[PDB]
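Trainee: show me how the following folds:
(4 chains, ligands or ions: 3)
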Amino acid sequence: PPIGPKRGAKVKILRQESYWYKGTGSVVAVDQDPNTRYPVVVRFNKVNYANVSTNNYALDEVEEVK
Amino acid sequence: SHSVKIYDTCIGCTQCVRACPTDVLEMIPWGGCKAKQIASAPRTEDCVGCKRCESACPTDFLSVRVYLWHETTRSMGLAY
Amino acid sequence: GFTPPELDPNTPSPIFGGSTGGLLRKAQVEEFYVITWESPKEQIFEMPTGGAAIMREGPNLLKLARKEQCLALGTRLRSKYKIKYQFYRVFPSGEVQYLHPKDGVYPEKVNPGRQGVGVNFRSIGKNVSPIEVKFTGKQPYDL
Amino acid sequence: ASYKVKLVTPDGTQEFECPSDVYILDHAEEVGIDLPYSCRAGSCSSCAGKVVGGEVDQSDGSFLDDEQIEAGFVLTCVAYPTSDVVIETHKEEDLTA
Ligand code: SF4
Ligand code: SF4
Ligand code: FES
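Mentor: Residues are numbered from 1 along each chain as shown, chains lettered A, B, ... in the order given. Ligands and ions are numbered 1, 2, ... in the order given. And now the structure:
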């Protein structure tokens, strides 16, 4: 049993200080090793103000959409 | 002296420490990330407040933050 | 645990012609800084205040007026040349203070003898509203 | 398309297959040969490495010297392997100098 959403899923962001907040992104890797507080790696379709397109997130800041 | 704070979303890329022009920041060992690294700010009495560190941080939102505070001789960058 | 070097005066200085950018009254009454390095040979380099100087073969000792001057000079010396430098803060009392590198290693490399100063264990979006700290002298990021 | 990749590494040298539209790092992530990363966004030097042969697409690479892409170093996480490549891993500091 692994953790988190599946690889390449479609998830919605709930971290309101995020640029992509209430938007969606695609999972690319979920660090399985505990002691990491932000395992999920999400890649987005648009860049933010710092010209970055990927970010780490916790498990509860991510909600699977369909 | 300004304030500089490090938040636990840090990925330990060290880009902020490389950028500081007055050597305020430092890397210290940790266990909360793949790098086992975290930034710290032990020498904030020398911080000029340029936010050169914030331009370098890649996390969203920032993991290093500079709050401008009471001014001194070193903080203002006065050579006289 | 890494005794820091001592300041060895009688260390020579680079070959400079003088300039209107050097020390001022603040160095007489408040503080100034001193950088020292190695210089395998004699070479020319850009002064962080004015024109160009010649560093001598062997130890070199420069007196500047700001920490940022010392650190910019050290960055130039460390990348473009392959040179080790240290700098110090001297008071009008005649008191030295080894400044950098603090614990012998450069701060971009993690050393196991360091404590955390100014680290909050949460995201930046989880600071309280200012209304929570009103009339008490703390700040929302203090926590 | 899906050219074979070669990575020298302190663990050894292993190969995995993976299409040209991908970044090297997620593809070494697929088969499971662990590599060092911090950013996954092309804004640091933990995923640094150099090449033995061929050359890798560095279009979406940034925060690099106007030379780091003409004398060997490459960031594995923003790189497209246009050819059957042979690359280095754990190459940050001899890049960091
Ligand atoms: S604001 Fe400037 S001087 Fe202060 S810690 Fe950041 S980079 Fe250093
Ligand atoms: S730039 Fe940001 S993420 Fe990188 S080490 Fe500094 S505080 Fe941490
Ligand atoms: S993690 Fe630093 S470049 Fe990919």
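Trainee: which secondary structure element is home to residue 2?
Mentor: All of this is about chain A. Residue A:2 is part of no helix or strand when elements are defined by DSSP states H and E.
Trainee: to clarify, I was referring to chain C.
Mentor: For residue C:2, there is no host helix or strand (DSSP H and E).
Trainee: do I have it right that it meets residue C:103?
Mentor: Yes - between residue C:2 and residue C:103 a contact is recorded at 5.6 Å, counting by CB atoms under 8 Å. Where C-beta positions appear, they are placed from N, C-alpha and C, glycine not excepted.
Trainee: what is in contact with those two at once?
Mentor: Shared contacts of residue C:2 and residue C:103 (CB atoms under 8 Å, 6 or more residues apart in numbering or on different chains): none.
Trainee: residue contacts, residue A:7?
Mentor: Residue A:7 makes contact with A:27-30, according to CB under 8 Å, 6+ apart.
Trainee: change it to 10 Å
Mentor: If you count contacts by CB atoms under 10 Å, 6 or more residues apart in numbering or on different chains, residue A:7 has them with A:26-30, A:41, D:26, D:29-30.
Trainee: equivalent analysis for residue A:32, please.
Mentor: Going by CB under 10 Å, 6+ apart, residue A:32 touches A:1-4, A:39.
Trainee: relative to ligand 3, how far out is the closest residue in space to residue D:17 that isn't next to it in sequence?
Mentor: Excluding the flanking residues, the one nearest residue D:17 by CB to CB, 6 or more residues apart in numbering or on different chains is residue D:2, at 5.1 Å. Separation of residue D:2 from ligand 3 (CB to the nearest ligand atom, to the nearest Å): 22 Å.
Trainee: swap in residue A:26?
Mentor: Applying CB to the nearest ligand atom, the value for residue A:26 to ligand 3 is 17 Å.
Trainee: and chain B, which of the contacts of residue A:32 contact it?
Mentor: residue A:39 (CB under 10 Å from any CB of the partner chain).
Trainee: from the contacts of residue A:7, which two are the most distant?
Mentor: The most widely separated members of the contacts of residue A:7, counting by CB to CB, are A:26 and D:30 (15.4 Å).
Trainee: those two: which is more packed in?
Mentor: Between residue A:26 and residue D:30, counted using other CB atoms under 10 Å in any protein chain shown, the more crowded position is residue A:26 (16 against 12).
Trainee: tell me the phi and psi of residue D:76?
Mentor: Main-chain torsions, residue D:76, degrees, to the nearest 10: phi -70, psi -20.
Trainee: isn't it right up against residue D:23?
Mentor: Yes - with contact defined as CB atoms under 10 Å, residue D:76 and residue D:23 form a contacting pair (7.3 Å).
Trainee: so what sits against both of the two?
Mentor: Taking CB under 10 Å, 6+ apart as the criterion, residue D:76 and residue D:23 both touch D:40, D:42, D:47, D:56.
Trainee: in chain B, which residue is closest to the centre?
Mentor: residue B:25 (5.0 Å; CA atoms, centre = their mean).
Trainee: next: chain A.
Mentor: Nearest to chain A centroid, counting by CA atoms, centre = their mean: residue A:42, 3.6 Å.
Trainee: which parts of chain D sit against chain A?
Mentor: By CB under 10 Å from any CB, the part of chain D that sits against chain A consists of D:23, D:25-26, D:29-30, D:37, D:39-43, D:60, D:62, D:77-78.
Trainee: hmm, 6 Å instead?
Mentor: D:26, D:29, D:40-41 (CB under 6 Å from any CB of the partner chain).
Trainee: swap in chain B?
Mentor: Near chain A, when you scan chain B using CB under 6 Å from any CB, you find B:31-32, B:58, B:60-61.
Trainee: so who does residue B:25 touch?
Mentor: Taking CB atoms under 6 Å, 6 or more residues apart in numbering or on different chains as the contact definition, residue B:25 lies against B:16-17, B:39, B:41.
Trainee: work out for me the element the closest residue to ligand 1 within chain C sits within.
Mentor: Minimum separation of chain C from ligand 1 (CB to the nearest ligand atom) falls at residue C:68, amounting to 8.6 Å. Using DSSP H and E, residue C:68 sits within helix C:67-79.
Trainee: now the contacts of residue A:7 as a markdown table including distance to chain B and secondary structure?
Mentor: Shown next, in a markdown table, are the contacts of residue A:7 (distance: CB to the nearest CB, whole Å; DSSP: H, G, I helix; E, B strand; the rest coil):
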| residue | distance to chain B | secondary structure |
| --- | --- | --- |
| A:26 | 16 | strand |
| A:27 | 16 | strand |
| A:28 | 14 | strand |
| A:29 | 11 | strand |
| A:30 | 13 | strand |
| A:41 | 11 | strand |
| D:26 | 15 | helix |
| D:29 | 12 | helix |
| D:30 | 18 | helix |
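Trainee: which among these end up buried?
Mentor: Buried members of the contacts of residue A:7, scored by 16 or more other CB atoms under 10 Å in any protein chain shown, are A:26-30, A:41, D:26, D:29.
Trainee: re the thing from before, of the residues of chain B next to chain A, closest to residue C:59?
Mentor: Checking these against residue C:59 by CB to CB gives residue B:58 as the nearest, at 40.0 Å.
Trainee: any idea how far the closest one is from residue D:67?
Mentor: As judged by CB to CB, to the nearest Å, residue B:58 and residue D:67 stand 22 Å apart.
Trainee: got it, and residue B:36?
Mentor: 30 Å.
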